[PDB]
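Engineer: Before I ask anything, let me first share the structure, which is written out below as structure tokens.
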Amino acid sequence: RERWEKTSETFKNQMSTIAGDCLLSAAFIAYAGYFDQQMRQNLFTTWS
């Protein structure tokens, strides 16, 4: 029970992290599809 309770607490933190994460993925699905791997990673680092 206590373990599952801490597991629930972590989910709250995951809420606080969802939005930006989806952004950094959404752009990746939309924009950086033609670019090479190096420029993909460069763009991702710039966005992050």
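The numbers here are math on the coordinates, done by the rules we state, and not lab data. FYI the Cβ positions are ideal-geometry reconstructions off the backbone, even for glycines, and counts take in every protein chain you see.
Engineer: For the stretch 5-10, in order, what is each residue's ³J(HN,Hα) by Karplus, 6.51 cos²θ - 1.76 cosθ + 1.60 with θ = phi - 60°, in whole Hz (x at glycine and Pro)?
Structural biologist: 4, 4, 4, 4, 4, 4
Engineer: Also: Relative to the compact globular guide of 2.2 N^0.38 Å, what is the alpha carbon radius of gyration of the chain, as a ratio?
Structural biologist: With N residues counted in the chain, Rg over 2.2 N^0.38 Å equals 1.65.
Engineer: A follow-up question, please. For helix 37-47, what angle does its Cα long axis make with the longest principal axis of the chain, in degrees from 0 to 90 and rounded to 10?
Structural biologist: In the chain, helix 37-47 runs at an angle near 60 degrees to the longest axis.
Engineer: Apply the Karplus parameterisation 6.51 cos²θ - 1.76 cosθ + 1.60, with θ equal to phi minus 60°, to every residue of the stretch 18-35 and state each ³J(HN,Hα) to the nearest whole Hz, in sequence, with x for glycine and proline.
Structural biologist: My calculation for the stretch 18-35 gives 5, 4, x, 4, 4, 4, 5, 8, 4, 3, 4, 6, 9, 8, 8, x, 7, 5 Hz in order.
Engineer: Report the gain in length on full extension from residue 14 to residue 40: 0.36 nm times residue separation, minus Cα-Cα distance, nm rounded to one decimal.
Structural biologist: 6.8 nm is the gain from fully extending residue 14 to residue 40.
Engineer: Which chymotrypsin sites (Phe, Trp or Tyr not before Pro) does the stretch 4-48 hold that lie in a coil by DSSP with at most 10 other beta carbons within 10 Å?
Structural biologist: 34
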